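Taking it in order: structure first as structure tokens, then the write-up.
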Amino acid sequence: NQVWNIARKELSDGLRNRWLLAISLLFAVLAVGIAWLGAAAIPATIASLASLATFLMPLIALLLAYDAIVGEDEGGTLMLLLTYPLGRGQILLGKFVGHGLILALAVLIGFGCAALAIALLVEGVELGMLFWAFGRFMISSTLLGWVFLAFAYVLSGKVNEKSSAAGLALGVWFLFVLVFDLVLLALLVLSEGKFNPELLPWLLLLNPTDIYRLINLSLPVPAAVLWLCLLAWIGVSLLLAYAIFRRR
Amino acid sequence: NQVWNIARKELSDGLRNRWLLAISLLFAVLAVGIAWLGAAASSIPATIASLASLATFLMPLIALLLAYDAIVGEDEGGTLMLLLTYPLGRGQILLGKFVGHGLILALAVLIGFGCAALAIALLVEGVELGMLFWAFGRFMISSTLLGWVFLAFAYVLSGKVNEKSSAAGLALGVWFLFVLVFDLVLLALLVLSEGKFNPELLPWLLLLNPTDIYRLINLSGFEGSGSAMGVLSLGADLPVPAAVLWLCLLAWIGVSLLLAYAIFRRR
Amino acid sequence: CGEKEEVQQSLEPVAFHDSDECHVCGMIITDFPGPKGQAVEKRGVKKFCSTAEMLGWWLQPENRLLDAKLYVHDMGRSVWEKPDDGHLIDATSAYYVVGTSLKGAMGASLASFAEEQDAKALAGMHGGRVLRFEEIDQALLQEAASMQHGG
Amino acid sequence: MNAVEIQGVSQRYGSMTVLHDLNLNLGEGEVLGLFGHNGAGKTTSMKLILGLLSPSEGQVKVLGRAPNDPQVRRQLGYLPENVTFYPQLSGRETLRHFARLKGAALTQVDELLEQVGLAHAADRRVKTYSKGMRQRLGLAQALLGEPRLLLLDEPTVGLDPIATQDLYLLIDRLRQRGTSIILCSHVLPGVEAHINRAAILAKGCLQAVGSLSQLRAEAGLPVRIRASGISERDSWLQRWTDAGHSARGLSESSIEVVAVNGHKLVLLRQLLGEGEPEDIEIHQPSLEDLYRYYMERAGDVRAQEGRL
Amino acid sequence: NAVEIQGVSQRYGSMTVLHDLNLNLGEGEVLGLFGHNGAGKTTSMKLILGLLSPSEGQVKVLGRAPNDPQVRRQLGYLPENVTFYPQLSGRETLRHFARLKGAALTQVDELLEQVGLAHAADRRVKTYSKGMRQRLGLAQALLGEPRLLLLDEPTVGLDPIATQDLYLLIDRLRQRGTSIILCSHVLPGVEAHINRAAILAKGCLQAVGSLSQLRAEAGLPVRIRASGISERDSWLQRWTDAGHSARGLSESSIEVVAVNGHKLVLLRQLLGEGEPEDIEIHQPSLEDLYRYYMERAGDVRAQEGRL
Amino acid sequence: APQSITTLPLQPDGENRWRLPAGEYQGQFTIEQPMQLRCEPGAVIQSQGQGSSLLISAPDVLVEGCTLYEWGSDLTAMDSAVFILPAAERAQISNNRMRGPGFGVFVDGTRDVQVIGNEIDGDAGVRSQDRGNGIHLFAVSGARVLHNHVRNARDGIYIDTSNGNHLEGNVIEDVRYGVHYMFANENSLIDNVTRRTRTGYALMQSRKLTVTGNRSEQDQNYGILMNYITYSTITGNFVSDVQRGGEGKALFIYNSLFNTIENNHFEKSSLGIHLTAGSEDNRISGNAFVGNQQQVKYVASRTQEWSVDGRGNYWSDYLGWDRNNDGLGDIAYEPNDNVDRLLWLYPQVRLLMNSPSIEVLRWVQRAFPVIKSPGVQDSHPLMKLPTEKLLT
Ligand SMILES: [Cu+2]
Ligand SMILES: [Mg+2]
Ligand SMILES: [Zn+2]
């Protein structure tokens with residue numbers, strides 16, 4: 001299968017990005033430095049780690065794959081790759097596997113070094129709950145990153161230049177992290193007669209950063225729908241990216 | 001003069017940058033929004049320390065957005081090697097870029113603090129119009145100087161590097177270090193030592209950060225409360241007057257331009 | 001229809017029981033004379049040992065925005081030592097009298113009425129002044145309770 | 001057997017036809033040249049041969065199949081113009097990436113890095129490569145496997161003057177084996193020594209197809225004979241002008257003959273018979289001059305004294 | 001005598017990347033500089049422009065100093081690839097260069113019409129092709145009557161009608177008295193337009209002179225072929241009587257490599273029997289002359305397909 | 001209702017002093033003469049379960065060392081263990097053990113009664129609505145209730161309209177309310193210990209009183225509840241670990257206008273101090289807010305200085321410095337943000353409380369002070385613990 005032969009390229013090309021390795025070092029330091037000030041000062045520190053990994057795992061995903069399609073069109077290899085025995089689906093799905101295992105490794109250096117500072121500096125952490133609360137944390141942090149990876153394929157395939165792709169990747173990162181919940185707060189504190197607050201637990205499902213926190217904070221909905229709603233955010237946006245990539 | 005003929009380009013090149021005109025209108029629509037909350041709360045020493053905090057985040061940002069690709073954006077673009085075969089020097093195409101990008105920040109803050117004054121003289125009734133013009137006259141001729149510091153910082157990190165993708169990483173490093181890391185290492189040095197590291201050296205460390213010398217100039221008259229300053233409360237322990245704080249802001253330009261010229265002279 | 005359906009549950013007031021603690025002071029409500037306010041919220045009913053302790057709760061800024069119906073007793077149709085549960089009027093459209101020598105539960109004695117002449121009956125019989133619900137503020141509650149249980 | 005059989009396609013985008021009535025047949029070992037100026041027909045024809053587009057009013061038969069079969073593209077090299085590969089990857093790892101996709105054997109990567117002369121700069125990043133160093137890498141992925149058709153869109157841009165002539169010696173070694181390739185260049189002297197048959201095409205149509213001997217025969221273009229001191233300039237200016245040829249009156253000791261190549265068979269006997277041929281330069285009407293003629297044959301009024 | 005390089009052996013890093021080049025350029029000639037292994041091609045380019053200091057030797061541009069502003073208004077430099085200023089327009093880029101070089105502002109509208117760019121004038125440089133930027137890069141080189149052009153590959157990324165018209169525009173400037181240097185790597189095509197070539201390799205300037213001189217100083221076979229011959233079997237042998245191997249590769253493609261010592265009698269063999277149609281005296285071109293002088297200094301001939 | 005003279009008391013001294021020997025008895029008993037009766041430690045006066053067991057109607061009676069068992073439970077007829085009439089002035093009830101389902105010590109209208117050193121274990125099965133009070137005091141002036149041990153009664157030491165009396169050194173365990181106060185003007189209570197209680201100290205409508213040195217170990221949902229107290233004094237109280245059961249508040253100030261709240265220690269609760277909107281501008285200085293998950297809950301926009309005479313409180317999350325070596329900190333401490341009161345004003349923000357936008361909005365307040373609502377700040381907070389002795 002050629003979905004893996006193009007995946008081994010993106011592993012070797014993504015891991016030599018100095019922009020990515022700078023952020024993954026700062027993510028791994030700040031996950032320890034919050035856990036250091038969360039132990040001396042475990043659900044109380046995994047919520048502050050959830051707000052940390054909502055800042056940077058969309059930022060890591062948009063740093064990797066904002067120039068995945070349009071960066072190859074500017075490089076000229078995109079027109080070359082379509083003349084190979086390769087579909088347009090196998091290029092996108094193979095870049096999604098290759099960029100996916102990068103931030104599936106960036107939480108294993110991110111939270112793999114954070115759990116070392118928790119299991120060895122608390123002395124009574126009751127580690128049987130740790131390997132289920134961090135197994136739920138490391139898996140759901142990749143799925144948060146895989147949404148914004150599929151968001152990055154949507155904005156890369158739409159644009160025609162690399163400079164306006166970074167202008168949209170900053171726009172997607174601002175809108176889905178800290179504009180959607182600030183306009184939820186402004187719809188609370190300024191509107192109450194025409195804003196039903198019972199509707200607001202369902203309006204959090206239109207935001208994958210919000211669905212990320214709800215499966216790290218354990219609510220009218222169960223947990224298993226939020227796992228199926230986070231995976232639905234991958235599956236529509238990848239299918240949306242495949243529909244955009246077929247119109248170049 | 002040759003220094004003005006290359007300034008007229010950069011005045012007509014920064015004004016077509018759509019990324020500048022977005023975040024320089026953001027400086028105008030926030031300076032109205034800060035001054036509108038300062039009129040509804042009346043309050044006066046809080047709208048001065050918040051306007052100086054707004055220009056701490058944006059006047060280095062507009063300066064580093066302009067001039068991070070000033071030399072290295074021309075070197076890898078090919079148009080720098082051509083420019084030295086024109087009747088110019090290396091001192092004229094740097095000081096000319098400093099004049100050309102300097103008038104953009106002189107217009108990006110005259111728009112920002114200009115419309116902030118009209119959201120005070122038309123909003124709070126009975127304000128002292130002599131004191132308002134003096135306070136916003138000190139805000140205008142010192143936020144340019146903060147902008148001209150980071151303009152001269154950007155020429156240092158453009159002459160040193162040889163790739164524009166690495167210049168944007170270093171310009172983001174300079175913006176993070178001087179704005180919101182130097183304020184946090186100095187805070188953590190005071191917290192973890194409980195203020196007993198050095199009781200006399202630590203106020204002199206405010207002069208090693210031009211964003212903090214900018215805050216110390218505008219917070220001279222309106223000290224007001226104690227919690228409005230935060231980490232700037234060490235500035236009461238600084239024995240220097242206000243006129244040296246202007247000259248220490250001008251010395252941050254003149255060393256960081258002569259460093260930018262000596263780097264560019266052996267490019 | 002959503003606002004009306006939520007109204008269609010909040011409007012009814014629950015009758016007081018012997019095992020009813022106050023929301024603020026937490027002690028047993030029916031061991032006291034005087035009218036007893038209560039607050040129906042439509043997400044959970046909270047009750048109060050006195051009407052002055054209910055109005056002290058209502059003037060806090062957490063509950064200014066809270067859409068919740070306030071219900072007090074009608075002391076024009078009840079004996080003051082043992083108020084029943086039958087007639088429980090709306091607290092916004094009442095006529096509280098103030099400054100009487102009657103012994104309420106927690107705050108000042110605020111006898112609630114609905115007909116304003118029986119409120120004028122108790123005002124002249126003890127030296128008080130009738131006042132509406134919207135004139136009640138926190139400068140008045142602390143002034144009137146200091147004149148009742150002070151000196 | 002023909003490699004590319006473009007059989008009467010007419011490719012349009014909306015109402016405008018960017019490529020109208022193109023009819024090519026590339027042979028089994030021929031080197032064909034797609035040259036275009038006003039039209040975007042050159043670029044669209046490239047896409048039609050590959051699997052990038054579809055013929056809206058015709059059909060293409062690349063190697064006897066449709067151009068988008070995987071059996072076609074495993075034996076089809078394509079070097080695009082101005083390509084810049086993945087700069088954080090190395091030179092060996094980039095070709096090892098491209099060998100995995102085309103199904104070529106991994107024992108051919110170290111051969112083709114040696115074949116294009118990239119052994120010294122292998123295992124270095126693509127960002128620390130020159131422009132012509134990337135053209136050696138871009139040529140090397142086209143030779144992966146056993147290709148039967150190459151589309152070299154501008155292969156010698158930014159290349160060293162030894163390496164361009166070495167590239168065309170690799171071309172004539174390839175076309176002897178039986179892989180018919182296509183040159184797509186814009187520097188017309190240099191491609192003209194190795195092109196088997198030109199395919200100059202205008203805005204819409206295909207202007208002319210055939211070898212250089214057929215283009216010079218159809219388009220009547222005059223020979224550019226320049227000499228230096230056969231007998232004398234003024235004694236030799238007179239002779240070609242009654243026979244219908246232009247004799248340019250230069251300064252001193254130079255005989256420029258622009259003859260009309262129709263009567264000059266027996267006229268050249270007198271030039272040998274009265275003097276020595278020891279310093280002459282006969283220039284045939286070149287591929288640059290033929291291409292400028294076909295731009296004047298359909299469109300494109302000539303620029304001024306010196307304009308364009 | 002425009003460019004007078006004398007005795008220059010430029011050293012940097014104690015490497016001696018240039019050595020003893022004496023490159024006098026005439027006041028109307030079109031010189032060509034071609035460099036392969038040697039870095040002389042770029043260092044000498046700089047040396048004439050005045051942005052480099054000649055260690056152990058002197059460069060005299062226009063009879064004066066190379067870094068004077070009075071001679072730098074009379075130069076024109078087209079660099080390798082100049083994506084100029086993508087947010088500026090076409091007129092605004094050229095008016096910027098007109099103000100720096102001291103040229104009159106009446107030249108800017110008549111250089112965007114002299115070069116074929118008036119239809120794409122007042123349009124942003126990010127919407128330009130590579131060929132249109134080479135058109136714009138030429139337009140600042142002809143700014144304010146330059147007495148010395150210096151072009152670094154001016155015809156790359158350029159369509160062939162504009163390429164042929166560029167050399168006609170060069171041929172206008174040769175008659176005006178302006179010396180032009182055409183430094184290129186695309187050597188077939190520039191040999192018809194230059195007057196003197198200068199192949200420099202491994203620092204040392206190997207060969208200089210006109211194209212007629214470089215074929216005289218290098219014994220190379222002249223390739224007479226007569227395409228469309230009547231008879232072919234005796235034409236395989238009838239040229240070898242005076243030592244000219246008549247080797248052919250097609251039905252009639254006898255590319256007779258001669259010796260340049262019997263040019264009368266081989267054409268008396270050709271015109272005495274058999275009629276020609278279009279004789280092709282193929283001189284050893286600038287591509288073929290370059291690989292002789294390169295091989296004479298350091299280079300060894302590469303293998304069968306090994307570059 | 002029999003009398004105390006109907007038993008067999010062996011007189012130790014002939015000054016109306018009697019001594020009941022060891023051996024059990026039965027029924028209610030009544031004191032009508034001023035007898036300073038003592039008891040042997042085996043004097044188990046066990047009533048049958050109805051009526052007040054030891055009713056007292058005579059003044060100046062020093063009841064000492066008795067052990068009462070199983071009196072009535074009718075709280076309406078006030079079936080106590082020790083009923084003390086208004087005519088029974090200056091009674092001493094010393095060192096007694098009581099176990100029965102009603103009132104332990106019910107006094108009313110008395111003066112200078114001394115309730116010293118008793119151990120009153122109330123109940124185990126009654127639903128804390130009919131257990132009766134431990135030490136009920138109903139409008140007494142002069143009382144001295146000292147060093148008792150009340151366990152498992154209903155609402156502990158209830159006090160109703162009693163003016164001047166001291167509550168010194170008594171341990172109160174496993175009850176609903178620790179000390180209940182109703183309209184007790186000019187009261188006092190020192191050094192009391194309250195353990196595992198649904199409200200540690202009820203201070204309802206009692207003015208001008210002194211609350212000093214008290215300790216509250218592991219109470220439920222209310223550490224010290226003060227309703228409508230004026231001119232009071234809260235000095236040296238140690239409130240520790242108020243767990244939920246309310247969410248757990250170490251001090252709940254409701255409509256208390258004037259009181260001096262100094263040198264306290266509010267430790268390891270969910271809320272350190274709850275200040276309602278009606279209770280403002282009172283001297284709160286010198287306390288220790290250590291280990292609480294949220295220090296102040298103050299839902300208002302009015303500014304509230306919490307430092308009299310330039311000295312503030314010690315805060316555990318105070319990340320400040322002190323350059324000039326005095327005891328005071330250098331920067332002021334705001335315990336509440338603007339987004340820290342959006343959680344209290346709107347409970348739907350609890351879904352958004354872990355969002356980065358809320359974490360953005362916490363940083364915007366520290367940079368832009370125009371959006372800071374005027375809160376509950378204190379200039380000059382303390383750097384070290386002032387309550388170094390209260391941890392014992
Ligand atoms: Cu009470
Ligand atoms: Mg300090
Ligand atoms: Zn109550």
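Labels for the structure tokens follow display order: chains A, B, ..., residues from 1 in each chain, ligands from 1.
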Return as a list in words the residues of protein, DNA or RNA that approach ligand 1 to within 10 Å, with only C-alpha atoms and all ligand atoms taken into account.
->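 With only C-alpha atoms and all ligand atoms and a cut-off of 10 Å, ligand 1 is contacted by residues 25, 26, 27, 28, 29, 31, 32, 49, 105 and 106 of chain C; 155, 158, 159, 160, 177, 179, 180, 181, 182, 183, 202, 203, 204, 205 and 227 of chain F.
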Saved selection, atoms kept: N, CA, C and O atoms, as a short mmCIF file (atom, residue, chain, number, x, y, z; two decimals), in the first residue's frame:
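Output file part-v4.cif is given in full below:
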```
data_model
loop_
_atom_site.label_atom_id
_atom_site.label_comp_id
_atom_site.auth_asym_id
_atom_site.auth_seq_id
_atom_site.Cartn_x
_atom_site.Cartn_y
_atom_site.Cartn_z
N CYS C 25 -30.00 30.43 57.42
CA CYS C 25 -29.63 30.07 58.78
C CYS C 25 -29.71 28.58 59.04
O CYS C 25 -29.13 28.10 60.01
N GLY C 26 -30.42 27.84 58.20
CA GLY C 26 -30.38 26.39 58.23
C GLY C 26 -31.14 25.74 59.36
O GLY C 26 -31.10 24.51 59.47
N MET C 27 -31.80 26.50 60.21
CA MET C 27 -32.50 25.91 61.34
C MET C 27 -33.95 25.65 60.94
O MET C 27 -34.38 25.98 59.83
N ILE C 28 -34.69 25.01 61.85
CA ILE C 28 -36.01 24.50 61.53
C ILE C 28 -36.99 25.65 61.43
O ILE C 28 -37.09 26.49 62.33
N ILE C 29 -37.71 25.70 60.31
CA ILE C 29 -38.50 26.86 59.94
C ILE C 29 -39.76 26.95 60.77
O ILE C 29 -40.09 28.02 61.31
N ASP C 31 -40.55 26.18 63.74
CA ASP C 31 -40.46 26.43 65.17
C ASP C 31 -40.56 27.90 65.50
O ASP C 31 -40.18 28.30 66.60
N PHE C 32 -41.07 28.72 64.59
CA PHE C 32 -41.02 30.16 64.76
C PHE C 32 -42.36 30.76 64.40
O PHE C 32 -43.11 30.18 63.62
N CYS C 49 -36.48 31.05 56.82
CA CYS C 49 -37.07 31.05 58.14
C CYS C 49 -37.82 32.33 58.44
O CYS C 49 -38.74 32.32 59.26
N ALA C 105 -38.63 35.64 63.16
CA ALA C 105 -37.65 34.57 63.33
C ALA C 105 -36.23 35.11 63.33
O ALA C 105 -35.52 35.00 64.34
N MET C 106 -35.79 35.69 62.22
CA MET C 106 -34.41 36.12 62.10
C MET C 106 -34.27 37.64 62.01
O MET C 106 -33.72 38.26 62.91
N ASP F 155 -28.53 20.65 68.45
CA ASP F 155 -27.98 22.01 68.42
C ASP F 155 -27.20 22.50 69.64
O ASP F 155 -27.19 23.70 69.92
N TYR F 158 -27.68 25.70 73.15
CA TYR F 158 -28.62 26.70 72.68
C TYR F 158 -28.72 27.81 73.70
O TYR F 158 -28.78 27.56 74.90
N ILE F 159 -28.73 29.05 73.22
CA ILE F 159 -28.80 30.21 74.09
C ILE F 159 -29.81 31.17 73.48
O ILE F 159 -29.69 31.55 72.31
N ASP F 160 -30.82 31.55 74.26
CA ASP F 160 -31.92 32.36 73.76
C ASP F 160 -32.06 33.57 74.67
O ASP F 160 -32.48 33.43 75.83
N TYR F 177 -25.70 21.77 65.67
CA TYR F 177 -25.04 23.06 65.87
C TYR F 177 -24.13 22.98 67.07
O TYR F 177 -24.50 22.41 68.09
N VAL F 179 -22.56 25.85 68.93
CA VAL F 179 -23.09 26.82 69.87
C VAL F 179 -24.12 27.65 69.13
O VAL F 179 -23.81 28.26 68.10
N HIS F 180 -25.35 27.67 69.63
CA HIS F 180 -26.42 28.44 69.02
C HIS F 180 -26.67 29.68 69.86
O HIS F 180 -26.79 29.59 71.09
N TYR F 181 -26.75 30.83 69.20
CA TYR F 181 -26.97 32.10 69.87
C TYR F 181 -28.20 32.76 69.28
O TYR F 181 -28.31 32.89 68.07
N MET F 182 -29.14 33.14 70.14
CA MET F 182 -30.34 33.84 69.69
C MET F 182 -30.51 35.06 70.58
O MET F 182 -30.82 34.92 71.76
N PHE F 183 -30.29 36.24 69.99
CA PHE F 183 -30.52 37.57 70.59
C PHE F 183 -29.73 37.79 71.88
O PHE F 183 -30.20 38.46 72.80
N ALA F 202 -23.30 29.04 65.61
CA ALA F 202 -24.42 29.82 65.13
C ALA F 202 -24.48 31.13 65.90
O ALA F 202 -24.65 31.14 67.12
N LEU F 203 -24.32 32.23 65.18
CA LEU F 203 -24.31 33.56 65.77
C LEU F 203 -25.47 34.31 65.14
O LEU F 203 -25.30 35.01 64.14
N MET F 204 -26.66 34.18 65.70
CA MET F 204 -27.86 34.74 65.11
C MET F 204 -28.34 35.87 65.99
O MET F 204 -28.73 35.64 67.14
N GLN F 205 -28.26 37.10 65.46
CA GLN F 205 -28.88 38.32 66.01
C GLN F 205 -28.37 38.69 67.39
O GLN F 205 -29.07 39.33 68.16
N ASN F 227 -25.12 35.64 61.63
CA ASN F 227 -26.25 36.37 61.08
C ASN F 227 -26.59 37.53 61.99
O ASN F 227 -26.89 37.31 63.17
#
```
Which residues come within 7 Å of region 138-150 of chain F, counting only C-alpha atoms, excluding same-chain residues fewer than 2 positions away, as a PyMOL selection string?
-> chain F and resi 107-121+134+136+152+156+159-173
I'd like a table as JSON lines: residues in chain F with an atom no more than 12 Å from ligand 2, each row giving the shortest atom pair and its distance in Å to one decimal, only C-alpha atoms and all ligand atoms counted, sorted by chain and rising residue number.
```
{"residue": "F:318", "atom": "CA", "partner": "ligand 2", "partner_atom_place_in_ligand_line": "1 (Mg)", "distance": 11.1}
{"residue": "F:319", "atom": "CA", "partner": "ligand 2", "partner_atom_place_in_ligand_line": "1 (Mg)", "distance": 9.9}
{"residue": "F:320", "atom": "CA", "partner": "ligand 2", "partner_atom_place_in_ligand_line": "1 (Mg)", "distance": 6.2}
{"residue": "F:321", "atom": "CA", "partner": "ligand 2", "partner_atom_place_in_ligand_line": "1 (Mg)", "distance": 3.5}
{"residue": "F:322", "atom": "CA", "partner": "ligand 2", "partner_atom_place_in_ligand_line": "1 (Mg)", "distance": 2.6}
{"residue": "F:323", "atom": "CA", "partner": "ligand 2", "partner_atom_place_in_ligand_line": "1 (Mg)", "distance": 4.4}
{"residue": "F:324", "atom": "CA", "partner": "ligand 2", "partner_atom_place_in_ligand_line": "1 (Mg)", "distance": 6.9}
{"residue": "F:325", "atom": "CA", "partner": "ligand 2", "partner_atom_place_in_ligand_line": "1 (Mg)", "distance": 8.5}
{"residue": "F:326", "atom": "CA", "partner": "ligand 2", "partner_atom_place_in_ligand_line": "1 (Mg)", "distance": 9.3}
{"residue": "F:327", "atom": "CA", "partner": "ligand 2", "partner_atom_place_in_ligand_line": "1 (Mg)", "distance": 10.0}
{"residue": "F:328", "atom": "CA", "partner": "ligand 2", "partner_atom_place_in_ligand_line": "1 (Mg)", "distance": 8.1}
{"residue": "F:329", "atom": "CA", "partner": "ligand 2", "partner_atom_place_in_ligand_line": "1 (Mg)", "distance": 5.2}
{"residue": "F:330", "atom": "CA", "partner": "ligand 2", "partner_atom_place_in_ligand_line": "1 (Mg)", "distance": 3.7}
{"residue": "F:331", "atom": "CA", "partner": "ligand 2", "partner_atom_place_in_ligand_line": "1 (Mg)", "distance": 6.2}
{"residue": "F:332", "atom": "CA", "partner": "ligand 2", "partner_atom_place_in_ligand_line": "1 (Mg)", "distance": 9.6}
{"residue": "F:333", "atom": "CA", "partner": "ligand 2", "partner_atom_place_in_ligand_line": "1 (Mg)", "distance": 11.6}
{"residue": "F:379", "atom": "CA", "partner": "ligand 2", "partner_atom_place_in_ligand_line": "1 (Mg)", "distance": 11.7}
{"residue": "F:380", "atom": "CA", "partner": "ligand 2", "partner_atom_place_in_ligand_line": "1 (Mg)", "distance": 9.3}
{"residue": "F:381", "atom": "CA", "partner": "ligand 2", "partner_atom_place_in_ligand_line": "1 (Mg)", "distance": 10.0}
{"residue": "F:382", "atom": "CA", "partner": "ligand 2", "partner_atom_place_in_ligand_line": "1 (Mg)", "distance": 10.6}
{"residue": "F:383", "atom": "CA", "partner": "ligand 2", "partner_atom_place_in_ligand_line": "1 (Mg)", "distance": 9.3}
```
Produce a file of the selected residues containing N, CA and C atoms, as a CSV table (one decimal), in the first residue's frame.
```csv
chain,number,residue,atom,x,y,z
F,318,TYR,N,-0.6,34.1,48.0
F,318,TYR,CA,-0.1,35.4,47.8
F,318,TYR,C,1.3,35.3,47.2
F,319,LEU,N,1.4,35.4,45.9
F,319,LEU,CA,2.7,35.3,45.2
F,319,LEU,C,3.3,36.8,45.0
F,320,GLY,N,3.7,37.3,46.2
F,320,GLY,CA,4.3,38.6,46.2
F,320,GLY,C,5.6,38.6,47.0
F,321,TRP,N,6.2,39.8,47.0
F,321,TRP,CA,7.6,39.9,47.6
F,321,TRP,C,7.5,41.0,48.7
F,322,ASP,N,8.6,41.1,49.4
F,322,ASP,CA,8.8,42.2,50.4
F,322,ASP,C,10.2,42.7,50.3
F,323,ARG,N,10.4,43.8,49.7
F,323,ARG,CA,11.8,44.3,49.6
F,323,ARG,C,12.3,45.0,50.8
F,324,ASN,N,11.6,46.0,51.3
F,324,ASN,CA,11.9,46.6,52.6
F,324,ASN,C,11.5,45.7,53.7
F,325,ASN,N,12.4,45.3,54.6
F,325,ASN,CA,12.1,44.2,55.5
F,325,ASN,C,11.2,44.7,56.6
F,326,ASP,N,9.9,44.8,56.4
F,326,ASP,CA,8.9,44.9,57.4
F,326,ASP,C,8.1,43.6,57.3
F,327,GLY,N,7.0,43.5,58.1
F,327,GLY,CA,6.2,42.3,58.1
F,327,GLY,C,5.2,42.3,56.9
F,328,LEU,N,4.9,43.5,56.3
F,328,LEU,CA,3.9,43.6,55.3
F,328,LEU,C,4.4,43.3,54.0
F,329,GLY,N,3.5,42.9,53.1
F,329,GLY,CA,3.9,42.7,51.7
F,329,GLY,C,3.9,44.0,51.0
F,330,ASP,N,4.5,44.0,49.8
F,330,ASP,CA,4.6,45.2,49.0
F,330,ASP,C,3.5,45.5,48.0
F,331,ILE,N,3.1,44.5,47.3
F,331,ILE,CA,2.0,44.6,46.3
F,331,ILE,C,0.7,44.2,47.0
F,332,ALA,N,-0.4,44.8,46.6
F,332,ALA,CA,-1.7,44.4,47.0
F,332,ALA,C,-2.2,43.1,46.4
F,333,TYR,N,-3.1,42.5,47.1
F,333,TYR,CA,-3.6,41.1,46.7
F,333,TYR,C,-5.1,41.2,46.5
F,379,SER,N,-4.6,46.1,50.7
F,379,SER,CA,-3.2,46.6,50.7
F,379,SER,C,-2.5,46.1,51.9
F,380,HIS,N,-1.2,45.9,51.7
F,380,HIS,CA,-0.2,45.4,52.6
F,380,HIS,C,-0.6,44.1,53.2
F,381,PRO,N,-0.6,43.0,52.5
F,381,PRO,CA,-0.8,41.7,53.1
F,381,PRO,C,0.4,41.2,53.9
F,382,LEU,N,0.1,40.2,54.8
F,382,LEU,CA,1.2,39.7,55.7
F,382,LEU,C,2.0,38.7,54.9
F,383,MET,N,3.3,38.6,55.3
F,383,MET,CA,4.2,37.6,54.7
F,383,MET,C,4.3,36.3,55.5
```
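For region 229-385 of chain F, backbone-based DSSP labels the following residues as alpha helix (DSSP H): residues 339, 340, 341, 342, 343, 344, 345, 356, 357, 358, 359, 360, 361, 362, 363, 364, 365, 366 and 367 of chain F.
Taking CA of residue 42 (chain D) and CA of residue 80 (chain D) as the two end points, the separation is 13.2 Å.
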List every residue of chain F that has an atom at most 8 Å from any atom of chain A, and for each one report the closest atom pair and its distance in Å to one decimal, counting only C-alpha atoms, with rows sorted by chain and then by increasing residue number, as a tab-separated table.
```
residue	atom	partner	partner_atom	distance
F:348	CA	A:197	CA	7.0
F:349	CA	A:185	CA	7.6
F:351	CA	A:201	CA	7.8
F:352	CA	A:181	CA	7.3
F:354	CA	A:51	CA	6.0
F:355	CA	A:51	CA	6.0
F:356	CA	A:51	CA	5.5
F:357	CA	A:178	CA	4.7
F:359	CA	A:51	CA	7.9
F:360	CA	A:178	CA	7.9
```
What gap, in Å, lies between CA of residue 73 (chain B) and CA of residue 11 (chain B)?
-> 16.4 Å
Give me the region 169-240 of chain D side of the contact with region 9-16 of chain D, cut-off 12 Å, one line per residue showing its nearest atom pair and distance in Å at one decimal, counting only C-alpha atoms, sorted by chain and residue number, as a Markdown table.
```
| residue | atom | partner | partner_atom | distance |
| --- | --- | --- | --- | --- |
| D:203 | CA | D:16 | CA | 11.6 |
| D:204 | CA | D:10 | CA | 9.3 |
| D:205 | CA | D:10 | CA | 9.4 |
| D:206 | CA | D:10 | CA | 11.2 |
```
